[PDB]
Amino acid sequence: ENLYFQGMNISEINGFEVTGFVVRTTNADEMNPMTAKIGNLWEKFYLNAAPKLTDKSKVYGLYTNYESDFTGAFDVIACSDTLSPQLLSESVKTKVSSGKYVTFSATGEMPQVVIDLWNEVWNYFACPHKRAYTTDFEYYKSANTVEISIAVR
């Protein structure tokens, strides 16, 4: 896969607030290229939100409001800590809670690296830990490095 898989680490993470665009989807909708929503969500973010970011802006992909488990619907939120629901129209503010997470990290071509990192997440949980299905997140640490933090019970 031509990725550097840095590995996984369990840790306590401090909560934080982020604002951005939300869409509701399912894994099945995302697997079908013709019905996927996450790509379009990010294009909207690039279009409407990116021009308003700063050099210290942190950018995230939140997965939250889970209907059930990985087989159910969930909200995906393309967002950033420096945006606010009134510096940006149609946006929603979410608080990610402090808690215990398992965090995975990889570096490579984007977005290949985030797609493939989710596969590592899948393999791992499908296990010493159980998913909380509260709020999980991609953190786009740099142009080539992404972390995925999964909330665990």
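When you see a residue number, it is the position in the sequence shown, counting from 1.
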Gap size between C127 and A126, counted in deposited residues that the entry leaves unmodelled: 1 to 3
Comparing 49 to 57 with 92 to 100, the one whose average Cα B-factor in the PDB entry is higher: 49 to 57
Residue range whose averaged C-alpha B-factor is higher in the record, 112 to 120 or 32 to 40: 32 to 40
Peak C-alpha temperature factor (PDB record), options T145, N14, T134, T19: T134
CA B-factor ranking of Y66, expressed as a third of its chain: middle
Chain-relative CA temperature factor third for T26: middle
